[PDB]
Amino acid sequence: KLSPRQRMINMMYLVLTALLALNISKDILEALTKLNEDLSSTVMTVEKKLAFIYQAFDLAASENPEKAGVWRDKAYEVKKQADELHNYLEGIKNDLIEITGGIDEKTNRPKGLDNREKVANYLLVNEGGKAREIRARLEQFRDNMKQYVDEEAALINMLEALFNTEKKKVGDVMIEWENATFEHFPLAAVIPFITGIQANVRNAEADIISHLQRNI
Amino acid sequence: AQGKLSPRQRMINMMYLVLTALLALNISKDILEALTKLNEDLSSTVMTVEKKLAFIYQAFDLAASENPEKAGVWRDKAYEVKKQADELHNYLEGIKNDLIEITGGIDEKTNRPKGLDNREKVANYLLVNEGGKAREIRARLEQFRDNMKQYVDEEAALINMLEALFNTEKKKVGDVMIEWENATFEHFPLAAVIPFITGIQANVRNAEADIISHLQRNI
Amino acid sequence: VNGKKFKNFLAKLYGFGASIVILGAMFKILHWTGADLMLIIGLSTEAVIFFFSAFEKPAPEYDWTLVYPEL
Amino acid sequence: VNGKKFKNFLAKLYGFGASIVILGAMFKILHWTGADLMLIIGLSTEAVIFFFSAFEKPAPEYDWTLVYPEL
Amino acid sequence: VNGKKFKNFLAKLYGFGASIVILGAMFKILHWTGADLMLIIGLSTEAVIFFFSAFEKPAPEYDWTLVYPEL
Amino acid sequence: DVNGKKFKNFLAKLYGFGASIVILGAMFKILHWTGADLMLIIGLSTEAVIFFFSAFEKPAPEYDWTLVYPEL
Amino acid sequence: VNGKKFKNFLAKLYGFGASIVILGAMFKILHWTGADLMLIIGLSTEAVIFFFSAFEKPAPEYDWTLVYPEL
């Protein structure tokens, strides 16, 4: 004979197995990947829209350069820096995918989405970590954009906020920007972070050119 | 007590205890932070898209100003698609606010919503209240997708992306075809469901953006 | 009453209900249409079964040392 | 029938059934391909065992006091 | 105390905790309104049951070879 | 093959070691430690093998004491 | 030693450790201070207890037909 507790256990461990199967039926890394695709699509939309402002500058200063060419030159310098930083970050994403296993043959997604060993050593260990170069170029871009905005408006707050490389304290403990952004994260979460940095670059370029457009 | 446990019964009881402890299994705290940061990125980039689209709508207004014979109909079409897109975006934002409020609200210390790993009241608001709010999202998405096809002059790329962005069909969740509402929103914490709705909003904004771009060429 | 004809019946209803619970849990994993009804009927039945099991008379728990010393 | 030829088969079926549930639980944890196929087969087997256990004869429940007084 | 009214209370606790766990699982698997509260109540009940089962006296585990040579 | 004393003596150790890996694998899994899924593979696959071998175990004799003790 | 008092103590430890495991899981759900420590303590205790049981002697498995013929 089985006790009432034992009958409950025998019937319930299968129910708890079903509950566990439901708990983990969704891969949260595939969710991060799909959200990264949505973010990339929206960034592509942004850059498509701001590609028209370049044509606008071209046509505006191709008829009267005495007042618009000085702002096209001040604008295409923003374009070059923004595109160079975007290409740098895209190359970093490609390097991270490549050293991990590459694009899956069928799913068209990186093979190793939880390969946080190679990701961690590439970002923070090997040759001092590629993340230090990331923050160096982010700071360079932020300073160049600050000196391409001759108004000292709220755009400065935007630039300091999007590209905030300053130390962030967790539990009253000091950690660098490169450690508060890329440490203990899998590849499935780091790529969305680099794509978010690319989105920040595109948004900064867009709303700096917008201000630099209403001065022509 | 009872009779001596057989070695297999003791192992069943061990599994019962372990599977009870695994009821506390959620996604890691750092994945919550990753999803929150990614949601902030989506929101900011979508706001950028909206600010860019406002200028194109102004361009339609000015274009219809001079000659309201070649551009009046196109301005009307652009504002109809604008009205639909903003209505859908506001509906999805209202759903996000309801989800944030039903799971506890905003942590005023952090400015991030509390109950960010709730996963149970989220799965009640969505999919089990009155049939759930996810099927209303489904109906709204299908209505938007079908309505948008009228503003596309059978353009293969635009039709394909409208069918792809709003592809509300059964999804492959581990060997089985789950309905769209359950495959998209079930067994996810609030930390992941909010980015999903923001991704739907981003899809709406992108579709509106390139439909407006298509209608602008006809001017 | 919790004698013979009840405990014998209350033990059949445990096996039948448990079968419905396991089938309902399988359907919930697969997301079929009958998953919710079989889980409500199956699990509510077993909840009643184990409520009545709280009143079962426990086993006699014989002590053979009284009969056989040095045991 | 529920004698010995069936009870022997119903005992092998329980051993194979609980293996397939655990293997299915492991595959689902690891997100391997055939995770829900094994959970279907394993859970259906355990529901068959539970169903057929409701028809089993109750335990004899032997009493020893009447033959070993004051035990 | 570990006399007779402890075993009675232990049986009541086992049965009622079994029922509470079944309802908690039903609320959890169906995403009902009080699912989080029911999960907390079920976990607390299992904690109490495990704590009280520690004091349960184990089986006598007799050695019949001492009475019957090679029983 | 056979399930006499030579096998159940080894089977007993596999009962305990396999359960220990499941206990620890769940502790790693709940806390999100890196070795979680590897210990769960070893512990659960060991436990799946245990259940498989319990199919071939000879059942309990199920004595009928009434033959040797009428009315008992 | 794997005799009598060790088994009783080890079963009490199993019960207390399981209680600590469930309390730690409940604290983990509730976001309380010592959740990740209670889980570690309880589950490590359970793992150690099951490791010790790996060296237990198997059941005697008495054959009563050898003393009572035709049983």
# chains A, B, ... in the order shown; residues from 1 in each chain; ligands from 1
>>> residues_around(residues="residue 85 (chain A)", least_positions_apart="6", cutoff="9 Å", atoms="only C-alpha atoms", output="list in words")
residues 137, 138, 141, 198 and 201 of chain A
>>> write_last_selection(atoms="N, CA, C and O atoms", output="PDB file, in the first residue's frame")
ATOM      1  N   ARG A 137      36.716  54.726 -29.535  1.00  0.00           N
ATOM      2  CA  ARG A 137      36.117  55.304 -30.732  1.00  0.00           C
ATOM      3  C   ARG A 137      34.763  55.939 -30.435  1.00  0.00           C
ATOM      4  O   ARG A 137      34.394  56.925 -31.078  1.00  0.00           O
ATOM      5  N   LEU A 138      34.026  55.413 -29.455  1.00  0.00           N
ATOM      6  CA  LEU A 138      32.786  56.063 -29.041  1.00  0.00           C
ATOM      7  C   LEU A 138      33.056  57.448 -28.471  1.00  0.00           C
ATOM      8  O   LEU A 138      32.346  58.408 -28.790  1.00  0.00           O
ATOM      9  N   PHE A 141      34.021  59.788 -31.341  1.00  0.00           N
ATOM     10  CA  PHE A 141      32.834  60.200 -32.081  1.00  0.00           C
ATOM     11  C   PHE A 141      32.021  61.216 -31.294  1.00  0.00           C
ATOM     12  O   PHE A 141      31.523  62.196 -31.859  1.00  0.00           O
ATOM     13  N   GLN A 198      25.103  50.891 -32.578  1.00  0.00           N
ATOM     14  CA  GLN A 198      24.905  51.348 -33.952  1.00  0.00           C
ATOM     15  C   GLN A 198      23.639  52.188 -34.083  1.00  0.00           C
ATOM     16  O   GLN A 198      23.620  53.194 -34.800  1.00  0.00           O
ATOM     17  N   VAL A 201      24.392  55.536 -32.707  1.00  0.00           N
ATOM     18  CA  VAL A 201      25.169  56.302 -33.677  1.00  0.00           C
ATOM     19  C   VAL A 201      24.256  56.874 -34.752  1.00  0.00           C
ATOM     20  O   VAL A 201      24.371  58.046 -35.124  1.00  0.00           O
TER      21      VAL A 201
END
>>> closest_atom_pairs(of="chain C", to="chain B", cutoff="12 Å", atoms="only C-alpha atoms", output="tab-separated table")
residue	atom	partner	partner_atom	distance
C:27	CA	B:176	CA	11.5
C:28	CA	B:178	CA	11.0
C:29	CA	B:176	CA	9.5
C:30	CA	B:176	CA	6.7
C:31	CA	B:178	CA	6.7
C:32	CA	B:178	CA	8.9
C:33	CA	B:179	CA	11.2
C:36	CA	B:128	CA	11.2
C:58	CA	B:2	CA	9.0
C:59	CA	B:2	CA	7.6
C:60	CA	B:2	CA	10.0
C:61	CA	B:1	CA	7.8
C:62	CA	B:1	CA	11.1
>>> write_last_selection(atoms="N, CA and C atoms", output="compact mmCIF listing (two decimals), in the first residue's frame")
# COMPACT_ATOMS: atom_id res chain seq x y z
N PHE C 27 -1.39 17.35 -23.39
CA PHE C 27 -2.05 18.24 -24.34
C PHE C 27 -1.62 19.69 -24.14
N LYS C 28 -1.37 20.09 -22.90
CA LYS C 28 -0.91 21.46 -22.65
C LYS C 28 0.48 21.68 -23.23
N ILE C 29 1.36 20.68 -23.14
CA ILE C 29 2.67 20.79 -23.76
C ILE C 29 2.53 20.95 -25.27
N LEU C 30 1.66 20.16 -25.88
CA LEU C 30 1.42 20.21 -27.32
C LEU C 30 0.50 21.34 -27.73
N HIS C 31 -0.19 21.97 -26.78
CA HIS C 31 -1.16 23.03 -27.06
C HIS C 31 -2.27 22.55 -28.00
N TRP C 32 -2.97 21.51 -27.57
CA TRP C 32 -4.22 21.10 -28.21
C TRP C 32 -5.41 21.70 -27.47
N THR C 33 -6.59 21.55 -28.09
CA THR C 33 -7.77 22.26 -27.62
C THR C 33 -8.34 21.68 -26.34
N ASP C 36 -7.14 22.35 -21.52
CA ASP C 36 -7.61 23.07 -20.34
C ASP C 36 -8.74 22.33 -19.64
N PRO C 58 -4.71 5.25 9.42
CA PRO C 58 -3.36 4.85 9.02
C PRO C 58 -3.14 3.36 9.22
N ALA C 59 -2.01 2.89 8.70
CA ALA C 59 -1.69 1.48 8.77
C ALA C 59 -1.50 1.04 10.22
N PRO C 60 -1.81 -0.22 10.53
CA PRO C 60 -1.67 -0.68 11.92
C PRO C 60 -0.25 -0.57 12.46
N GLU C 61 0.76 -0.74 11.61
CA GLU C 61 2.16 -0.61 12.00
C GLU C 61 2.51 -1.58 13.13
N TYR C 62 2.43 -2.86 12.79
CA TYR C 62 2.68 -3.92 13.75
C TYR C 62 4.13 -3.89 14.24
>>> calpha_fit_rmsd(fixed="chain D", moving="chain G")
1.3 Å
>>> interface_residues(of="chain F", to="chain A", cutoff="12 Å", atoms="only C-alpha atoms", output="MDAnalysis selection string")
chainID F and resid 26 29:30 32:34 37
>>> write_last_selection(atoms="N, CA and C atoms", output="mmCIF file, in the first residue's frame")
data_model
loop_
_atom_site.group_PDB
_atom_site.id
_atom_site.type_symbol
_atom_site.label_atom_id
_atom_site.label_comp_id
_atom_site.auth_asym_id
_atom_site.auth_seq_id
_atom_site.Cartn_x
_atom_site.Cartn_y
_atom_site.Cartn_z
ATOM 1 N N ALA F 26 20.376 20.638 -10.943
ATOM 2 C CA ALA F 26 19.265 21.554 -10.714
ATOM 3 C C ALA F 26 19.722 22.793 -9.961
ATOM 4 N N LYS F 29 21.317 24.882 -12.461
ATOM 5 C CA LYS F 29 20.314 25.384 -13.395
ATOM 6 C C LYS F 29 19.511 26.534 -12.801
ATOM 7 N N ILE F 30 19.104 26.419 -11.537
ATOM 8 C CA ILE F 30 18.304 27.475 -10.924
ATOM 9 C C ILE F 30 19.132 28.741 -10.759
ATOM 10 N N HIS F 32 21.815 29.561 -12.562
ATOM 11 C CA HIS F 32 22.372 29.984 -13.846
ATOM 12 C C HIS F 32 23.899 29.951 -13.823
ATOM 13 N N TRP F 33 24.423 28.790 -13.458
ATOM 14 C CA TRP F 33 25.848 28.514 -13.493
ATOM 15 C C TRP F 33 26.182 27.708 -14.742
ATOM 16 N N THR F 34 27.433 27.833 -15.189
ATOM 17 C CA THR F 34 27.783 27.431 -16.550
ATOM 18 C C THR F 34 27.657 25.927 -16.760
ATOM 19 N N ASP F 37 23.741 22.522 -17.734
ATOM 20 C CA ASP F 37 23.157 21.592 -18.691
ATOM 21 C C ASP F 37 23.983 20.327 -18.865
#
>>> residues_around(residues="residue 16 (chain F)", least_positions_apart="2", cutoff="6 Å", atoms="only C-alpha atoms", output="ChimeraX atom specification")
/F:13-14,18-19 /G:50-51,53-54
>>> write_last_selection(atoms="N, CA, C and O atoms", output="short mmCIF file (atom, residue, chain, number, x, y, z; two decimals), in the first residue's frame")
data_model
loop_
_atom_site.label_atom_id
_atom_site.label_comp_id
_atom_site.auth_asym_id
_atom_site.auth_seq_id
_atom_site.Cartn_x
_atom_site.Cartn_y
_atom_site.Cartn_z
N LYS F 13 24.99 1.75 -6.51
CA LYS F 13 25.87 2.91 -6.59
C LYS F 13 25.42 3.86 -7.68
O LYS F 13 25.58 5.08 -7.56
N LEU F 14 24.85 3.32 -8.76
CA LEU F 14 24.37 4.18 -9.84
C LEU F 14 23.10 4.92 -9.43
O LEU F 14 22.81 5.98 -9.98
N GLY F 18 23.90 8.94 -9.59
CA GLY F 18 23.05 9.59 -10.57
C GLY F 18 22.11 10.60 -9.96
O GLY F 18 21.81 11.63 -10.57
N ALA F 19 21.62 10.32 -8.75
CA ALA F 19 20.75 11.27 -8.07
C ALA F 19 21.52 12.51 -7.63
O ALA F 19 20.99 13.62 -7.65
N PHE G 50 22.40 11.76 -0.84
CA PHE G 50 22.22 10.73 -1.86
C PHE G 50 23.55 10.08 -2.23
O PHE G 50 23.57 8.91 -2.61
N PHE G 51 24.65 10.82 -2.14
CA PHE G 51 25.97 10.23 -2.35
C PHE G 51 26.27 9.17 -1.30
O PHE G 51 26.81 8.11 -1.61
N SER G 53 24.07 7.38 0.29
CA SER G 53 23.21 6.23 0.05
C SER G 53 23.72 5.33 -1.06
O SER G 53 23.22 4.21 -1.20
N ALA G 54 24.69 5.78 -1.85
CA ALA G 54 25.23 4.96 -2.93
C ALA G 54 25.99 3.75 -2.40
O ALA G 54 26.16 2.78 -3.14
#
>>> interface_residues(of="chain A", to="chain B", cutoff="6 Å", atoms="only C-alpha atoms", output="PyMOL selection string")
chain A and resi 13+16+38-39+46+196
>>> closest_atom_pairs(of="chain G", to="chain F", cutoff="10 Å", atoms="only C-alpha atoms", output="tab-separated table")
residue	atom	partner	partner_atom	distance
G:21	CA	F:27	CA	9.7
G:25	CA	F:30	CA	8.8
G:28	CA	F:30	CA	9.2
G:35	CA	F:31	CA	9.9
G:36	CA	F:31	CA	7.1
G:39	CA	F:27	CA	7.0
G:40	CA	F:27	CA	6.7
G:41	CA	F:27	CA	9.8
G:42	CA	F:27	CA	9.4
G:43	CA	F:23	CA	6.1
G:44	CA	F:24	CA	6.9
G:45	CA	F:23	CA	9.4
G:46	CA	F:23	CA	6.9
G:47	CA	F:20	CA	4.4
G:48	CA	F:20	CA	7.0
G:49	CA	F:20	CA	8.3
G:50	CA	F:16	CA	5.1
G:51	CA	F:16	CA	5.2
G:52	CA	F:16	CA	7.3
G:53	CA	F:16	CA	5.7
G:54	CA	F:16	CA	4.2
G:55	CA	F:13	CA	6.2
G:56	CA	F:12	CA	7.5
G:57	CA	F:9	CA	8.0
G:58	CA	F:12	CA	7.2
G:61	CA	F:60	CA	9.0
G:62	CA	F:61	CA	9.8
G:63	CA	F:61	CA	8.2
G:64	CA	F:63	CA	8.1
G:65	CA	F:63	CA	8.6
G:68	CA	F:68	CA	7.2
G:69	CA	F:68	CA	8.6
G:70	CA	F:67	CA	8.0
G:71	CA	F:63	CA	6.1
>>> write_last_selection(atoms="N, CA, C and O atoms", output="short mmCIF file (atom, residue, chain, number, x, y, z; two decimals), in the first residue's frame")
data_model
loop_
_atom_site.label_atom_id
_atom_site.label_comp_id
_atom_site.auth_asym_id
_atom_site.auth_seq_id
_atom_site.Cartn_x
_atom_site.Cartn_y
_atom_site.Cartn_z
N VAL G 21 15.50 23.49 0.93
CA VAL G 21 15.44 23.63 -0.52
C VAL G 21 14.17 24.35 -0.94
O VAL G 21 14.19 25.29 -1.74
N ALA G 25 13.74 28.02 -2.68
CA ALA G 25 13.03 28.24 -3.93
C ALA G 25 11.95 29.30 -3.77
O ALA G 25 11.79 30.18 -4.63
N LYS G 28 13.58 32.59 -3.61
CA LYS G 28 14.05 32.96 -4.94
C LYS G 28 12.92 33.55 -5.77
O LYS G 28 13.11 34.55 -6.48
N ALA G 35 18.04 33.74 -0.69
CA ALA G 35 17.51 32.70 -1.56
C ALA G 35 18.62 31.84 -2.15
O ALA G 35 18.58 30.60 -2.06
N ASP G 36 19.61 32.48 -2.78
CA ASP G 36 20.68 31.74 -3.45
C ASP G 36 21.60 31.02 -2.48
O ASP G 36 22.37 30.17 -2.91
N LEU G 39 19.22 27.83 -1.21
CA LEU G 39 19.20 26.84 -2.28
C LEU G 39 20.48 26.02 -2.29
O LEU G 39 20.44 24.79 -2.37
N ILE G 40 21.63 26.69 -2.21
CA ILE G 40 22.91 25.98 -2.24
C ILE G 40 23.03 25.04 -1.05
O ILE G 40 23.39 23.87 -1.21
N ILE G 41 22.71 25.53 0.15
CA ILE G 41 22.85 24.69 1.34
C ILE G 41 21.95 23.47 1.24
O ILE G 41 22.39 22.33 1.42
N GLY G 42 20.67 23.68 0.93
CA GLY G 42 19.74 22.57 0.90
C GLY G 42 20.06 21.56 -0.18
O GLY G 42 20.06 20.35 0.06
N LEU G 43 20.36 22.03 -1.39
CA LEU G 43 20.61 21.10 -2.47
C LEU G 43 21.95 20.40 -2.31
O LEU G 43 22.07 19.23 -2.65
N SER G 44 22.97 21.08 -1.76
CA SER G 44 24.22 20.39 -1.47
C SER G 44 24.02 19.32 -0.41
O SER G 44 24.60 18.24 -0.49
N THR G 45 23.20 19.61 0.61
CA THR G 45 22.89 18.59 1.60
C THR G 45 22.19 17.40 0.97
O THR G 45 22.53 16.25 1.28
N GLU G 46 21.23 17.64 0.08
CA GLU G 46 20.54 16.54 -0.59
C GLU G 46 21.50 15.72 -1.44
O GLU G 46 21.44 14.48 -1.44
N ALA G 47 22.38 16.39 -2.17
CA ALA G 47 23.34 15.68 -3.01
C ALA G 47 24.28 14.83 -2.18
O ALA G 47 24.58 13.69 -2.53
N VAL G 48 24.76 15.37 -1.06
CA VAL G 48 25.65 14.61 -0.19
C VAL G 48 24.92 13.41 0.41
O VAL G 48 25.47 12.30 0.49
N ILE G 49 23.67 13.61 0.83
CA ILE G 49 22.90 12.52 1.42
C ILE G 49 22.68 11.40 0.41
O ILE G 49 22.77 10.22 0.75
N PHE G 50 22.40 11.76 -0.84
CA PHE G 50 22.22 10.73 -1.86
C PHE G 50 23.55 10.08 -2.23
O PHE G 50 23.57 8.91 -2.61
N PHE G 51 24.65 10.82 -2.14
CA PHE G 51 25.97 10.23 -2.35
C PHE G 51 26.27 9.17 -1.30
O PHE G 51 26.81 8.11 -1.61
N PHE G 52 25.93 9.45 -0.04
CA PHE G 52 26.14 8.46 1.01
C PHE G 52 25.28 7.22 0.81
O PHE G 52 25.72 6.11 1.14
N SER G 53 24.07 7.38 0.29
CA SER G 53 23.21 6.23 0.05
C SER G 53 23.72 5.33 -1.06
O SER G 53 23.22 4.21 -1.20
N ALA G 54 24.69 5.78 -1.85
CA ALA G 54 25.23 4.96 -2.93
C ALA G 54 25.99 3.75 -2.40
O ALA G 54 26.16 2.78 -3.14
N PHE G 55 26.44 3.79 -1.16
CA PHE G 55 27.17 2.69 -0.55
C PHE G 55 26.32 1.89 0.42
O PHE G 55 26.86 1.05 1.15
N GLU G 56 25.02 2.12 0.44
CA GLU G 56 24.13 1.37 1.31
C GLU G 56 24.01 -0.07 0.83
O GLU G 56 24.07 -0.36 -0.37
N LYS G 57 23.86 -0.99 1.78
CA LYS G 57 23.60 -2.37 1.43
C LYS G 57 22.18 -2.52 0.90
O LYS G 57 21.26 -1.85 1.39
N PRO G 58 21.96 -3.37 -0.10
CA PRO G 58 20.61 -3.53 -0.64
C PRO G 58 19.70 -4.26 0.34
O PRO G 58 20.12 -4.72 1.40
N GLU G 61 15.58 -8.89 1.00
CA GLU G 61 14.73 -9.61 0.05
C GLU G 61 14.50 -11.05 0.51
O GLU G 61 14.94 -12.02 -0.11
N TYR G 62 13.80 -11.17 1.63
CA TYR G 62 13.56 -12.47 2.24
C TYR G 62 12.65 -13.33 1.37
O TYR G 62 11.67 -12.85 0.80
N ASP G 63 12.99 -14.62 1.27
CA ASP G 63 12.21 -15.60 0.53
C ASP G 63 11.48 -16.48 1.54
O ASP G 63 12.04 -17.45 2.05
N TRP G 64 10.23 -16.14 1.83
CA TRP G 64 9.46 -16.84 2.85
C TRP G 64 9.04 -18.24 2.43
O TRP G 64 8.63 -19.02 3.30
N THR G 65 9.12 -18.58 1.15
CA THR G 65 8.80 -19.95 0.74
C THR G 65 9.81 -20.96 1.25
O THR G 65 9.49 -22.15 1.31
N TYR G 68 8.13 -21.48 4.89
CA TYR G 68 6.74 -21.93 4.83
C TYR G 68 6.50 -22.50 3.44
O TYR G 68 6.28 -21.73 2.49
N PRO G 69 6.54 -23.82 3.28
CA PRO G 69 6.38 -24.40 1.94
C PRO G 69 5.00 -24.11 1.37
O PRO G 69 4.01 -24.00 2.10
N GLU G 70 4.94 -23.98 0.04
CA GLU G 70 3.71 -23.70 -0.69
C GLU G 70 3.03 -22.44 -0.14
O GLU G 70 1.95 -22.48 0.45
N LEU G 71 3.71 -21.32 -0.33
CA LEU G 71 3.21 -20.04 0.15
C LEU G 71 3.11 -19.03 -0.98
O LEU G 71 3.05 -19.41 -2.15
#
>>> residues_around(residues="region 101-105 of chain B", least_positions_apart="4", cutoff="10 Å", atoms="only C-alpha atoms", output="list in words")
residues 95, 96, 97, 111, 112, 113, 114, 115, 116, 117, 118, 119, 120, 121, 122, 124, 125 and 190 of chain B
>>> write_last_selection(atoms="C-alpha atoms", output="PDB file, in the first residue's frame")
ATOM      1  CA  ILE B  95      -1.263  47.224 -24.032  1.00  0.00           C
ATOM      2  CA  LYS B  96       2.318  47.718 -22.830  1.00  0.00           C
ATOM      3  CA  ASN B  97       1.158  50.178 -20.168  1.00  0.00           C
ATOM      4  CA  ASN B 111      12.463  53.768 -13.373  1.00  0.00           C
ATOM      5  CA  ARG B 112      12.209  50.235 -14.745  1.00  0.00           C
ATOM      6  CA  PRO B 113       8.929  48.359 -14.204  1.00  0.00           C
ATOM      7  CA  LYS B 114       8.763  46.037 -11.243  1.00  0.00           C
ATOM      8  CA  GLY B 115       7.485  42.541 -11.802  1.00  0.00           C
ATOM      9  CA  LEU B 116       9.822  42.418 -14.796  1.00  0.00           C
ATOM     10  CA  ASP B 117      10.111  38.619 -14.449  1.00  0.00           C
ATOM     11  CA  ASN B 118       6.464  37.990 -13.606  1.00  0.00           C
ATOM     12  CA  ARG B 119       5.509  35.666 -16.487  1.00  0.00           C
ATOM     13  CA  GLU B 120       2.198  34.665 -14.855  1.00  0.00           C
ATOM     14  CA  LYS B 121       0.038  37.769 -14.649  1.00  0.00           C
ATOM     15  CA  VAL B 122       1.463  38.533 -18.091  1.00  0.00           C
ATOM     16  CA  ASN B 124      -3.144  35.955 -17.676  1.00  0.00           C
ATOM     17  CA  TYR B 125      -3.633  39.424 -19.170  1.00  0.00           C
ATOM     18  CA  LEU B 190       7.444  40.818 -18.677  1.00  0.00           C
TER      19      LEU B 190
END
>>> select_by_dssp(residues="chain G", states="helix (DSSP H, G or I)", output="number ranges by chain")
G: 5-30, 35-53, 64-66
>>> write_last_selection(atoms="C-alpha atoms", output="PDB file, in the first residue's frame")
ATOM      1  CA  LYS G   5      21.376   5.568  14.096  1.00  0.00           C
ATOM      2  CA  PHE G   6      23.185   6.801  10.984  1.00  0.00           C
ATOM      3  CA  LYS G   7      20.151   5.977   8.834  1.00  0.00           C
ATOM      4  CA  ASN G   8      17.788   7.771  11.224  1.00  0.00           C
ATOM      5  CA  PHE G   9      20.003  10.855  11.395  1.00  0.00           C
ATOM      6  CA  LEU G  10      20.445  10.827   7.627  1.00  0.00           C
ATOM      7  CA  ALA G  11      16.677  10.678   7.062  1.00  0.00           C
ATOM      8  CA  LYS G  12      16.158  13.586   9.464  1.00  0.00           C
ATOM      9  CA  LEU G  13      18.839  15.479   7.545  1.00  0.00           C
ATOM     10  CA  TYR G  14      17.080  14.644   4.275  1.00  0.00           C
ATOM     11  CA  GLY G  15      13.832  16.090   5.592  1.00  0.00           C
ATOM     12  CA  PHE G  16      15.439  19.264   6.919  1.00  0.00           C
ATOM     13  CA  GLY G  17      17.445  19.756   3.735  1.00  0.00           C
ATOM     14  CA  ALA G  18      14.347  19.345   1.577  1.00  0.00           C
ATOM     15  CA  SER G  19      12.568  21.921   3.729  1.00  0.00           C
ATOM     16  CA  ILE G  20      15.496  24.307   3.235  1.00  0.00           C
ATOM     17  CA  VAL G  21      15.443  23.635  -0.525  1.00  0.00           C
ATOM     18  CA  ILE G  22      11.765  24.511  -0.814  1.00  0.00           C
ATOM     19  CA  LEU G  23      12.167  27.584   1.394  1.00  0.00           C
ATOM     20  CA  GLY G  24      15.068  28.732  -0.769  1.00  0.00           C
ATOM     21  CA  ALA G  25      13.025  28.241  -3.932  1.00  0.00           C
ATOM     22  CA  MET G  26      10.165  30.248  -2.425  1.00  0.00           C
ATOM     23  CA  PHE G  27      12.600  33.004  -1.421  1.00  0.00           C
ATOM     24  CA  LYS G  28      14.048  32.965  -4.941  1.00  0.00           C
ATOM     25  CA  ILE G  29      10.580  33.509  -6.408  1.00  0.00           C
ATOM     26  CA  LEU G  30       9.816  36.233  -3.854  1.00  0.00           C
ATOM     27  CA  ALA G  35      17.513  32.697  -1.557  1.00  0.00           C
ATOM     28  CA  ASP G  36      20.676  31.741  -3.447  1.00  0.00           C
ATOM     29  CA  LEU G  37      22.335  30.624  -0.203  1.00  0.00           C
ATOM     30  CA  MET G  38      19.425  28.558   1.108  1.00  0.00           C
ATOM     31  CA  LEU G  39      19.195  26.838  -2.278  1.00  0.00           C
ATOM     32  CA  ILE G  40      22.907  25.982  -2.242  1.00  0.00           C
ATOM     33  CA  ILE G  41      22.851  24.687   1.335  1.00  0.00           C
ATOM     34  CA  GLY G  42      19.736  22.568   0.904  1.00  0.00           C
ATOM     35  CA  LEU G  43      20.615  21.104  -2.474  1.00  0.00           C
ATOM     36  CA  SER G  44      24.219  20.392  -1.471  1.00  0.00           C
ATOM     37  CA  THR G  45      22.887  18.594   1.605  1.00  0.00           C
ATOM     38  CA  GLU G  46      20.541  16.541  -0.586  1.00  0.00           C
ATOM     39  CA  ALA G  47      23.337  15.677  -3.015  1.00  0.00           C
ATOM     40  CA  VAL G  48      25.650  14.608  -0.186  1.00  0.00           C
ATOM     41  CA  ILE G  49      22.896  12.520   1.423  1.00  0.00           C
ATOM     42  CA  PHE G  50      22.225  10.731  -1.857  1.00  0.00           C
ATOM     43  CA  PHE G  51      25.965  10.227  -2.355  1.00  0.00           C
ATOM     44  CA  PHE G  52      26.141   8.463   1.015  1.00  0.00           C
ATOM     45  CA  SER G  53      23.208   6.226   0.050  1.00  0.00           C
ATOM     46  CA  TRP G  64       9.461 -16.836   2.847  1.00  0.00           C
ATOM     47  CA  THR G  65       8.798 -19.946   0.739  1.00  0.00           C
ATOM     48  CA  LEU G  66      12.034 -21.398   2.153  1.00  0.00           C
TER      49      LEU G  66
END
>>> atom_distance(atom1="CA of residue 105 (chain A)", atom2="CA of residue 33 (chain A)")
15.9 Å
>>> closest_atom_pairs(of="chain A", to="chain C", cutoff="10 Å", atoms="only C-alpha atoms", output="Markdown table")
| residue | atom | partner | partner_atom | distance |
| --- | --- | --- | --- | --- |
| A:1 | CA | C:59 | CA | 9.0 |
| A:3 | CA | C:58 | CA | 8.5 |
| A:4 | CA | C:53 | CA | 6.1 |
| A:5 | CA | C:50 | CA | 8.6 |
| A:7 | CA | C:14 | CA | 8.7 |
| A:8 | CA | C:50 | CA | 7.7 |
| A:10 | CA | C:18 | CA | 9.6 |
| A:11 | CA | C:18 | CA | 6.3 |
| A:12 | CA | C:18 | CA | 9.0 |
| A:14 | CA | C:22 | CA | 7.1 |
| A:15 | CA | C:25 | CA | 6.5 |
| A:16 | CA | C:25 | CA | 9.5 |
| A:17 | CA | C:25 | CA | 9.3 |
| A:18 | CA | C:25 | CA | 6.1 |
| A:19 | CA | C:25 | CA | 8.2 |
| A:21 | CA | C:29 | CA | 7.2 |
| A:22 | CA | C:29 | CA | 6.3 |
| A:25 | CA | C:29 | CA | 8.6 |
>>> atom_distance(atom1="CA of residue 115 (chain A)", atom2="CA of residue 99 (chain A)")
9.9 Å
>>> select_by_dssp(residues="region 132-203 of chain A", states="strand (DSSP E or B)", output="compact mmCIF listing (two decimals) with C-alpha atoms, in the first residue's frame")
# COMPACT_ATOMS: atom_id res chain seq x y z
CA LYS A 168 28.61 53.06 -13.45
CA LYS A 169 28.52 51.89 -9.83
CA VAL A 170 26.67 48.68 -8.93
CA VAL A 173 31.47 49.00 -6.63
CA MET A 174 33.47 50.55 -9.46
CA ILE A 175 33.46 48.82 -12.86
